[PDB]
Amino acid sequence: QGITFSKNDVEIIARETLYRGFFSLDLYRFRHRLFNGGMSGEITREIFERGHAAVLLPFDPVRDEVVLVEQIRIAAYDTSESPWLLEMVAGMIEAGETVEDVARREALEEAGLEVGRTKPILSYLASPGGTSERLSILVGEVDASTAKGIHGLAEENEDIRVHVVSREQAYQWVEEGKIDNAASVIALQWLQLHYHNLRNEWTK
């Protein structure tokens, strides 16, 4: 069971910078084994290179509440009723940083929140046919009564409003499509599948 081939079965011949700006787009040139027993020819794929992220689900296990952050995401505009989204605390991981240190820093900058205990949720590839981006989600213990107001770093044009909802309310917003970004959907579905055990662990 499981996948068929490993890194022994693919060679990346070269990568070519197609675009270099804030982010990059790279042409990967590679060959790989085929399920029928042969080797492919040279394949090329355009890959959006934008680094990787840490994501924090801020969960108050005493109150059974979730902290959401609201901010504009212009890329949502063309397919959404509004480009302002309800999301998880999150940010890019820079060289030498840990997932958990980024999560804590962003929780303070984006929601004014201190974080207590943490546990991993899941680490996922956002859209691996066209981007390398991986996002690593943690759940962090918070006191949701301390989560309120307008945050974000103005010098980076980051304008963020905190919302506090019950867990059940956040999950219903997923089921209704009011929360519809991957990081939040994955985190809140995970929470709906693990909240009993997590609340026990964090309130004993």
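Numbering starts at 1 and runs along the sequence shown. What we label the rigid core is the largest C-alpha set whose atoms superpose within 1.5 Å from one form to the other.
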By Cα RMS to this form in 9 other deposited structures of this protein after fitting the core, the stretch ranking higher of 59-67 and 31-39 is 31-39
(message) Is it the case that, in at least a third of the other entries compared (those modelling both flanking residues), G140 has no coordinates?
(response) no
Q. Taking the other compared PDB entries with both flanking residues modelled, is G152 unmodelled in at least a third?
A. yes
When mean C-alpha B-factors in the record are compared for 60-68 and 153-161, the larger belongs to 153-161
Avg C-alpha B-factor, entry values, 90-98 vs 120-128, higher side is 90-98
One of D143, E49, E46, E42 has the largest Cα B-factor in the entry, namely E42
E133: C-alpha B-factor third of its chain, per the entry, is the lowest
For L113, the third of its chain by CA B-factor is the highest
Tertile call for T17 (CA temperature factor, within chain, third-based) is the highest
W173: CA B-factor among chain residues, third -> middle
